[PDB]
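Enquirer: Here it is: the structure, laid out below.
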Amino acid sequence: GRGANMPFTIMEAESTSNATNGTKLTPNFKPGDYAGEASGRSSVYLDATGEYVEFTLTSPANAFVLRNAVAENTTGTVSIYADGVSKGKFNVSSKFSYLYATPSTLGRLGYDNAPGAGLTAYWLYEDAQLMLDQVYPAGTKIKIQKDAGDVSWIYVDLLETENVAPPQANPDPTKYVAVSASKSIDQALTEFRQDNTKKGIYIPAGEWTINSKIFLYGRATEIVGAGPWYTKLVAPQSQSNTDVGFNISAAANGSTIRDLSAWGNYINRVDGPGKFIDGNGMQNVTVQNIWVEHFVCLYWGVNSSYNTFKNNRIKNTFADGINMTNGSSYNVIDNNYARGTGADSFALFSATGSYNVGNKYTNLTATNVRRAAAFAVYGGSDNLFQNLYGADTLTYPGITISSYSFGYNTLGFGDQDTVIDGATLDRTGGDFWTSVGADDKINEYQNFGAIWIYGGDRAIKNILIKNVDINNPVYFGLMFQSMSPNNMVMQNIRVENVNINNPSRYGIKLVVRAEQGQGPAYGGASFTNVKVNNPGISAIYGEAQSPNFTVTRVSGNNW
Ligand SMILES: OC[C@H]1O[C@H](O[C@@H]2[C@@H](O)[C@@H](O)O[C@H](CO)[C@H]2O)[C@H](O)[C@@H](O)[C@@H]1O
Ligand SMILES: OC[C@H]1O[C@H](O[C@@H]2[C@@H](O)[C@@H](O)O[C@H](CO)[C@H]2O)[C@H](O)[C@@H](O)[C@@H]1O
Ligand SMILES: OC[C@H]1O[C@H](O[C@@H]2[C@@H](O)[C@H](O)O[C@H](CO)[C@H]2O)[C@H](O)[C@@H](O)[C@@H]1O
Ligand SMILES: [Ca+2]
């Protein structure tokens, strides 16, 4: 029960509770693979008419999201049945999936949408959303079945089920200017700004074009939809990579955007444009119960403080889900669900104001991270990451804790703890970068544990990791590394109440030589009640070869 508390239930297609006459994939950790990229590292392949996967509802549902893979450059249907009776068709498509690179150019993952000579397809899964005209009770058999006229083949990865309430009306037509078939979002906002009795705008159920960046100014503005399944803001879908959404000027600090969805038209990553909400320096803004897809990011804060992002769904983006940078402090990032981000799902990048401080990243779920980490913290002071669920990273840790500057002006970690408290990390880690001349070499890449503690070129200190379960990480549970030649001494690094279950290589790795010119870790870390269970090779690697690093076994360690 770690992570976000969402109204939808997620059921893996391959669950043993699901009858099927299709083909259940054996798991692997390979990017560019229909198993490796699936939630749970497996899917059920339906490849003939009449092949099905049968789900059983554990909670009532009238609405469904099917994560699936179909052929490149295709659209079509797959059928849904309730208790053996056909009830509709999902619109399945690869419009937003299939991003191309090569095994040695994973730095391009997400950027390049066109197939080409010698190029491998990655980011193979996408989603289909469907609402049915009845609430089906728990115990209903919901069958996904490939009938005549459906797509030639489909990998079924998981099903979201949800009991969606009826749409919520305009809270008060005399205070919220309604968008309508003949009144645009921009026109409603102009009416709002020019009449001080208005609190904001209401966007009814429907599909509403957002073909521009919509600027909020004048004063604090409320933007209220009917619910994310009902109010859909849609980037022009015959265009691609249009920078649309909202941009909140300082005059509109204190605004609220809630209860709606935003459907972008990005088909690859672009660096600069592409955040659904822009709000450089924004303060006291609330973004609540919105569902956003196919943007580069939901939000990328820049000295943005005292904001609240709550109850949101961030799916299938081309870079970070939410990042808060360059002084962003005292933000509440609470109870958000991310799946399929294109870079760090939830991130905090501290830079020069000296540190990002006082942020609370709580009750967060980040899964199917298509590049980089589920959670990432780059420097900062007095920031909390609490009750996290991360799973199924393609290329990188579940949690990155790093004092590398990336060339920006930053002091690294500060004098108050950065705390990871309560986290479950399932099948996290992966391959990235290169390992030429590396120690402990198993392939052409650097190899990443579920949690990466990386001392870079800035101070690495005051890190507390506690109450973490790490299940079946690709390679390692905890991976400690110091950048040479800087050799920053890690101080006050403590690990408490951690279970590392079935890591394929080591429970703990102290990186001895990541690549040519690099050396072992500097400083130390303490371990209290850290259990390593059934490691593939050994509980800990690198201790005897890291003479500048002290492992302190306080108590309760079985290694
Ligand atoms: O603060 C660093 C820069 O952040 C943003 O651009 C990011 C870019 O550097 C790269 O990391 O990709 C992400 C996602 O597309 C970009 O958001 C700002 O746009 C840029 O002005 C900053 O210098
Ligand atoms: O050195 C410049 C690059 O630094 C970072 O990436 C490092 C990478 O090059 C390799 O050496 O591995 C280390 C980790 O062991 C990486 O941190 C930046 O991420 C990259 O953008 C720079 O080009
Ligand atoms: O061509 C636009 C769009 O069509 C499909 O998605 C539908 C979406 O437009 C509408 O708002 O909701 C429908 C029911 O949930 C969706 O099926 C395609 O799936 C999508 O790729 C495409 O952009
Ligand atoms: Ca699955």
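With PDB author numbering as the guide, the letters of the sequence shown map in order to residues 726 to 1077, 1081 to 1287.
In this text, a Cβ means the ideal position worked out from N, Cα and C, and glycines have one as well.
1) With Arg918 as the anchor, note down where its alpha helix (DSSP H) starts and where it stops.
2) Let me know the secondary structure DSSP gives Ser1210 once reduced to three states.
3) Apply the 10 Å Cβ neighbour rule to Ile1191 and answer buried if 16 or more other Cβ atoms are within range, or exposed otherwise.
4) What ranges does the alpha helix (DSSP H) occupy inside the region 736-768, keeping only unbroken runs of at least 4 residues that lie completely in it?
5) For the beta strand (DSSP E) containing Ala1063, list its first residue and its last residue.
6) Is any heavy atom of ligand 2 found at a distance shorter than 8 Å from the C-beta of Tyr1182?
7) Can you tell me where the beta strand (DSSP E) with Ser1266 in it begins and where it stops?
8) Reducing DSSP to helix, strand and coil, say where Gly989 ends up.
9) Nearest-angstrom Cα distance between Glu885 and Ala1072?
10) For the region 1230-1240 and the region 1192-1209, state whether three or more C-beta atom pairs, one from each stretch, are separated by less than 8 Å.
11) Can you tell me where the beta strand (DSSP E) holding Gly1026 begins and where it ends?
12) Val790 and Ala853 - do their beta-carbons sit closer together than 9 Å?
13) Among the candidates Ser965, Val1027 and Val904, whose CA atom is the shortest distance from the CA of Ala951?
14) Does the distance between the C-beta of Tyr1136 and the nearest non-hydrogen atom of ligand 1 fall short of 8 Å?
15) So, are the CB atoms of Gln893 and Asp772 less than 9 Å apart?
16) From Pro898 to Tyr927, what does the alpha carbon distance come to, in whole angstroms?
17) What number of angstroms, rounded off, separates the C-alpha of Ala977 from the C-alpha of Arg944?
18) Mapping DSSP to helix, strand and coil, what is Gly1158?
19) Using a threshold of 8 Å, is the CB atom of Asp1045 nearer than that to any non-hydrogen atom of ligand 1?
20) What is the DSSP secondary structure of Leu782, reduced to helix, strand or coil?
21) Work out the CA separation of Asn743 and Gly1026 for me, nearest whole Å.
22) State the start and end residues of the unbroken beta strand (DSSP E) segment that holds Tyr1182.
23) Give me whichever residues DSSP pairs with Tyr1203 in a beta bridge.
24) May I ask whether a heavy atom of ligand 3 can be found less than 8 Å away from the beta carbon of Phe1020?
25) Confirm the yes/no value for this check: CB of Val995, any heavy atom of ligand 1, distance under 8 Å.
26) Enumerate, from N- to C-terminal direction, the unbroken beta strand (DSSP E) stretches of 3 or more residues contained entirely within the region 946-970.
27) Give the DSSP-derived three-state secondary structure of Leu1116 in the structure shown.
28) Helix, strand or coil for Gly1067? Go by DSSP, reduced to three states.
Expert: Taking the geometry as given:
1) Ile910 to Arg918
2) strand
3) buried
4) none
5) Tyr1062 to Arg1064
6) yes
7) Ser1266 to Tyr1269
8) coil
9) 25 Å
10) yes
11) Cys1022 to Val1027
12) yes
13) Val904
14) yes
15) no
16) 8 Å
17) 5 Å
18) strand
19) yes
20) coil
21) 42 Å
22) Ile1179 to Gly1183
23) None, per the DSSP bridge assignment.
24) no
25) yes
26) 947-950 and 956-959
27) strand
28) coil
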